Amino acid sequence: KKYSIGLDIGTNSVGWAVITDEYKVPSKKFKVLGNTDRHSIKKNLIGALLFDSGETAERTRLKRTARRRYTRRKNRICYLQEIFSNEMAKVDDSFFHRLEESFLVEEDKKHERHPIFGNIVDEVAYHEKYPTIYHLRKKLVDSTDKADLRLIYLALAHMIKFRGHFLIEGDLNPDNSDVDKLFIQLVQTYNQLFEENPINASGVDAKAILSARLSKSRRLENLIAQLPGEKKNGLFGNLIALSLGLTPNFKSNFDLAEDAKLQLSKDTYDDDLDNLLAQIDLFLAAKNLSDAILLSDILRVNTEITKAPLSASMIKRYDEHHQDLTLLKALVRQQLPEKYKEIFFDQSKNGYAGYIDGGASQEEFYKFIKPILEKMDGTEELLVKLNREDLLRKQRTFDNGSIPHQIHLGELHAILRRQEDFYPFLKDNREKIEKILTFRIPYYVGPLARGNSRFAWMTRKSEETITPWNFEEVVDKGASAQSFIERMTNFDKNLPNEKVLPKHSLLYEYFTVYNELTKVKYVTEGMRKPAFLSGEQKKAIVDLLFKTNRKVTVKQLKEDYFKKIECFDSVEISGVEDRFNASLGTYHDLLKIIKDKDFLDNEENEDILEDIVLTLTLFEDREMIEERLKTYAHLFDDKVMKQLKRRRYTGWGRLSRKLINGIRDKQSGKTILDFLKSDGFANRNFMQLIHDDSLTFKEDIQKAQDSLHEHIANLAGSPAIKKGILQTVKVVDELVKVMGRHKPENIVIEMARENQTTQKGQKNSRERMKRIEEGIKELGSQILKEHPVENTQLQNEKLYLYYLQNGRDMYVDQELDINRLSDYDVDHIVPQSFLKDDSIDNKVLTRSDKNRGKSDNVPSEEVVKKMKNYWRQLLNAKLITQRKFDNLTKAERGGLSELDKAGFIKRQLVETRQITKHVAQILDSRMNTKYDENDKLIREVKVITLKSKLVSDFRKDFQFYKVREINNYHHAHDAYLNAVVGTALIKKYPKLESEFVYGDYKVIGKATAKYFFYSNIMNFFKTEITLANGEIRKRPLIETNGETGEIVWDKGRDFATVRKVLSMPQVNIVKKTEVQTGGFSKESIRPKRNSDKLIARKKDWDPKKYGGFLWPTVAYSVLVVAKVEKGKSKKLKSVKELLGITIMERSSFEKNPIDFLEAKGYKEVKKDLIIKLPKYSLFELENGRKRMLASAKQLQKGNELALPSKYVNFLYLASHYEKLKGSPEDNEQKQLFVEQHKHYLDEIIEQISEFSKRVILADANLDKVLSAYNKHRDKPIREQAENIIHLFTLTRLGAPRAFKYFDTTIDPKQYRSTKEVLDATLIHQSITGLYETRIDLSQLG
RNA sequence: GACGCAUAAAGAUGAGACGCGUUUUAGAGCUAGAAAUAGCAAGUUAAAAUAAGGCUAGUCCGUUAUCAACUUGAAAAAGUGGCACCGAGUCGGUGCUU
DNA sequence: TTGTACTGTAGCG
DNA sequence: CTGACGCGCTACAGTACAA
DNA sequence: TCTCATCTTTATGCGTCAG
Ligand SMILES: [Mg+2]
Ligand SMILES: [Mg+2]
Ligand SMILES: [Mg+2]
Ligand SMILES: [Mg+2]
């Protein structure tokens, strides 16, 4: 009758088991359908479902954004062509058509094969005149002659297409601020403004500072040594105030007009001209030299004056490349003639031919050519250019991402100013071309859809087509920016219909402070017991402490309120630890801004303050904030309004306005916040107010409050967890269906939750500011003195990484700049392409070009030898962990490898936590569907949430050891053990039922006490318990309920039952058959070839002439029975075979299968015999051999080795020889146990050999492993047992993979033949595998 | 085992952008050559595509999630498979039942 | 002309 | 006042031989 | 790789959810 279900859930597995009250697994004779002879099969009700883990939508989002970027770039080019079309039709009516056709081969082109001029001699003269595009760009910028319109279009199209980044918001004009000689009129302005007439002994410019590094510690000492110092903080020119602004908003030093806060002149210094702009030049020259220093970092130098410094630098790269190539060829020919063919012709050895024609990058070419340059003479300049990474550089390189869009904008504007007189249409629509270059859709607007995209939220004022020129008159940017946030913030849980408050809302901070404060109790010598704080006392302490300090500690509450107001000698306070967790931060911010305490304390103006904070949280754009905030200009002055628009807030709370202050009690008339302010002597907090039946909040919340697929479509989060939730809920539903529609007594779910000690939990959750303090104190820096920081600012990732690295780049020995973090780069040590790991142990803040050069690989050996001392200096200072140092020094150990790819990722842990929590919720909702008028829910099925520690201790205390390498049976065994432990726990201790059942609750540190409680509850399974004093204590062999004589655990029969279940050979292991979805092929495009396997990259692009893709992905295979037109003397020969339907042929095949199969050469196709066969489709062959269909042309192993439990225990104990960490006597018992069954190794080999000879049929590998095992049979038990554990990869279910023994490495035996399964028995397994449909394919065709 | 706050860690979801990379074409190769070729010269750039494509034709969408077999149903979705005992090499045997 | 077996390939910061 | 007992893992491409 | 935002699950500190 009664039964229970245990569940062990993972990211790729769902283990399930059915137990009775006797802890036995039932077995039933299940019906078998199909045309086979077998009509009934015996199966045990225990098993595991295996499936591929669900993928996150990160890669799909990246592909979608790349698609949109390509579409918008093509549209920019189309707009430029639309402007140029009518004028280009005069001079060359087929120019744009030749540019469109330029991909095509000569026989496919409708026009002449030369794109630009349409004839050979003019094209050759063009390429001689302008070797690169940058020569043409510099010619069009600098010269004044009338040029051909085609060349102007080519330069403007190259500028618009590759337009540079938008991380700089200013103008940054390169026409006059590019030059470094602005220092001389800076000191002319210094002489004019500062009325002392100083001597302008002008020395070297910022080139002297840039010679070593752009830093204060170089600049200040350099220009104080060069020109004599009259004022250290008030030198008034080329200062750190004017180049790289200070970290805090500190006042001006030696002010000229007023004392105002100073910062970097990027975007937050515009308001810092209130010294003169608010009271009506050195600051204009400061802006000019800021532009000069920024652009001198971006671009190296221009010696001869020009308005195109980027093109000049690119031409300098071309000229130096030409000179160095000529010199290198001469030196190689003169000194190493045999190496000339390898370097300059053979393009596969990473030479110059491999650097240009081949696929070798710049650093591969440098590391190949560095020894060659070292052995040769006369290579000193080439060596010093290689060390600077400046030798033989290209123009289109990886480090061009540092160029802002303003440089390209300046060069384009220069070209249009040169050519406007000759071409009137350039002057007519110069602003349109500049807008095409400079327009960028705001991130708060999103896609420009018209109601057909599920990603778009933008609303438009009119139904016209959106262009970069009419974007402001069509797109409603305020509503789109509001909907950007309102579509993304969650709703209130208690009131599901309306939105939550901002985190920094004044009402939210008030509610949080009063919720924390209303349960604070104080005691003294006056009275007998601690008493709650009254409403008057709470109001007084809020006014005295919470509105005068941003953070208030309990010590301040002792000595400033109770010592003076209602004077007591000493008071003991409970309800709070050393500091209050709540604070009125927004009140202090608005007191600092508005300078009006009475305005904030006033009651009637509370709503407008709420709307102000809502505006400051929703919006961050200055014009939108001023658009929303101009309503309140009649209360606030203009200066204070300009200051208040700067107060950016980010983050939202969990409660709404209606919950905390909107709804009122029907009898009292008070809101929840009103009750928190004063509730008489009850002093109820938020949960009491929403749970007390006396107040009417409870049923108001109750009045505020289907298919499973719709029950899961509405849950937010990652889509990866929905797969596991679907699988386990379908497994539970099928298990309920198996037992005749009877629900279990209880369902036990293994959760990844834990319990750990109070000091361990607090040590793992300390502030990262403390980490910074002890690390920097240990390594003895003064970085916190120069750049102060609080804990809330380290929540930013880049600032946290800057402080972790002690202000220095950890790939190159140079200092970082705290104010320029937008251009620095956050880098993963182990790259994203290899392993998914976003830990703080895997993250570096480094310079951008060093990260881009260090692509898709571990950082190389040279940087390890350069900065390995600094990595050790940070390592012993506890600033980086040992794992981080191991990742940084990984290239010393061979770099990336297949061993490094193995092991679990922490995303799997987070995913399984999310999964099991949602499974507990959904199973509790589904199973208990009945309720009464007095009983709010009838617990028909008890969802029990066990923790993994209990099952792990049960395995490790009674020798039920688990190893994962042998078979996939451990999931089912874990499910069975979870069910046994959960049912025994709820049977043994009925008073602790509310502790373990979902939805129920029972109501030295608390966590330590709970950890000891959870450790001690497991003792009743044991026969003898060793106490902490080292003295044993006995328990009865038969356990009972205690309150009742009912029997809950017999340490005789039940342990034998559990041993029998764990040794059962038949376990229903099911691999989920899945139709493959995703990308059609591997993304690489291969060159042209005569093969037919190449896939066309476009409809009209024949891959025989244009190349194409390879490795197509088969969605599912299809069994076809038809005739094939085989033979020169053609006959219709009948055949039965699999055909792989790929992903892009999936829709075409499902549209009309007969026509698709007829196009493939088949004919007389049997339509009803078409069988869809997804991946991992299961076939059974002779002697119980099973194969899983990996593809139409490859199979997989499908059998599971049911090794006896004694061998598994021997393998677990033989390995981990001296790391059990139990007791010494236990260790010696397993020592003798493994030594006097050392012969079990031979029996394990015999078992593996028999299983492999029955089902694997890898005979050559079998002889290899037998020879290798015989040749090292004299090694110690440790390494032998460890590699017998490795040895099960040959017999493991799934795809074959290369394992390794002691020293031999066994290559996998691939099953690259699906011919045999065409006459095997096809098995259609249900989600549990109990229901089967066995189809004998030999009877078809 | 849930809620509010504080401090952690490890992760998700959406938008806007950049720089490369790959592929075909353009950038006249010269000489000795019956030649299979050999010597020499040159190399840095540009156009186009960047999932085939789709229709509601948008400066939109197209790699996430769904998916054993059979019977109904456009689809959504619904339905279909006896029990007890003795045993165990991937499940077998024995006995009642319609 | 068709099956096998061994080794290499695979978008990224 | 209320419980005891103190999580993971390869299909196809290219070349070279057996018939 | 950059810039913007919004969440989630676990660990500790405090309070609470009741017959
Ligand atoms: Mg588990
Ligand atoms: Mg990287
Ligand atoms: Mg598992
Ligand atoms: Mg998929």
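Proteins get letters first, then strands, A, B, ... in listed order; numbering begins at 1 in each. Only this structure's heavy atoms are used, side chains among them; waters, hydrogens and symmetry mates stay out.
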Nucleotide nearest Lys42(A) when distance is taken to its side chain, options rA68(B), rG93(B), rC60(B) | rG93(B)
Heavy-atom contacts, protein to nucleotides 7-13 of chain C, under 4.0 Å, summarised as B (base), S (sugar-phosphate only) or - (none) per nt, yield S-BBBSB
Out of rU90(B), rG1(B), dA11(D), which nucleotide sits closest to the side chain of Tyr969(A)?
-> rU90(B)
Closest listed nucleotide, where the reference is the side chain of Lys329(A) and the choices are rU44(B), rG81(B), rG43(B) = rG43(B)
Does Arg64(A) make a side-chain donor-acceptor contact with the base of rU64(B), cut-off 3.5 Å?
-> no
Could a donor-acceptor pair under 3.5 angstrom be found where the side chain of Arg766(A) meets the base of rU7(B)?
-> no
By centroid distance (under 5.5 Å) and plane angle (under 30°), are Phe455(A) and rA15(B) in a stacked arrangement?
-> no
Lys1105(A) atom NZ: more than 12 heavy-atom contacts under 6.0 Å = yes
Per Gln395(A) side chain, nearest of listed nucleotides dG8(D), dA11(E), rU45(B) | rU45(B)
Watson-Crick or G-U wobble between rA17(B) and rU22(B), both distances under 3.5 Å?
-> no
Considering only nitrogen or oxygen atoms on both sides, find all protein atoms under 3.5 Å from nucleotides 13-19 of chain E and state each distance.
unit_1, atom_1, unit_2, atom_2, d
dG13(E), OP1, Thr758(A), OG1, 2.3
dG13(E), OP1, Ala1007(A), N, 3.3
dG13(E), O4', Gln762(A), NE2, 3.4
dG13(E), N2, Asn581(A), OD1, 3.3
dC14(E), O3', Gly575(A), O, 3.3
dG15(E), OP1, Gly575(A), N, 3.1
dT16(E), OP1, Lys519(A), NZ, 3.0
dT16(E), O4', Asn685(A), ND2, 3.3

Partner check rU24(B) against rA47(B): Watson-Crick or G-U, both under 3.5 Å = yes
Ignoring the backbone of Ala57(A), work out which of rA48(B), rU7(B), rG14(B) is nearest its side chain.
-> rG14(B)
Of the candidates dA4(D), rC60(B), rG43(B), the side chain of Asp357(A) sits closest to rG43(B)
Can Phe904(A) be called stacked on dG8(D) when the rule is centres closer than 5.5 Å and an angle between planes below 30°?
-> yes
For the residue pair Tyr126(A) and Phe117(A), categorise the inter-ring angle as parallel (less than 30°), tilted (30 to 60°) or perpendicular (more than 60°).
-> tilted
For the side chain of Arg72(A), counting heavy atoms from C-beta on, which of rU64(B), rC20(B), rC60(B) is nearest?
-> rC60(B)
Check every atom of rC18(B), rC67(B), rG43(B) against the side chain of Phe344(A) and return the nucleotide holding the closest atom.
-> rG43(B)
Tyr318(A) aromatic ring stacked with six-membered ring of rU44(B), 5.5 Å and 30° | yes
Groove in which a side-chain heavy atom of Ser27(A) lies under 5.0 Å from a base atom | major
Let me have DNA chain C in dot-bracket notation, would you? Count Watson-Crick plus G-U wobble pairs, both distances under 3.5 Å, and use [ ] for pairs crossing earlier ones and | for inter-strand partners.
-> |||||||||||||
Kindly say whether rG79(B) and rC70(B) qualify as a Watson-Crick or G-U pair under the rule that both distances are below 3.5 angstrom.
-> yes
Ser1326(A) (side chain) and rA68(B) (base): donor-acceptor pair under 3.5 Å | no
For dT9(E), does either OP1 or OP2 sit under 4.0 Å from a side-chain N or O belonging to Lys917(A)?
-> yes
Under 5.0 Å from side-chain atoms of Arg61(A) - which groove | major
Report yes if at least one side-chain N or O of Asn791(A) is closer than 4.0 Å to OP1 or OP2 of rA8(B); otherwise report no.
-> yes
Base-pair groove approached by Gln914(A) - side-chain heavy atoms, under 5.0 Å | minor
Shortest side-chain distance from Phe439(A), nucleotide among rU24(B), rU59(B), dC12(D) | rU59(B)
Nucleotide nearest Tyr989(A) (side chain, heavy atoms from C-beta), chosen from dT6(E), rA49(B), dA4(D) = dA4(D)
Given the 90°-from-0 boundary between syn and anti, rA74(B) should be labelled syn
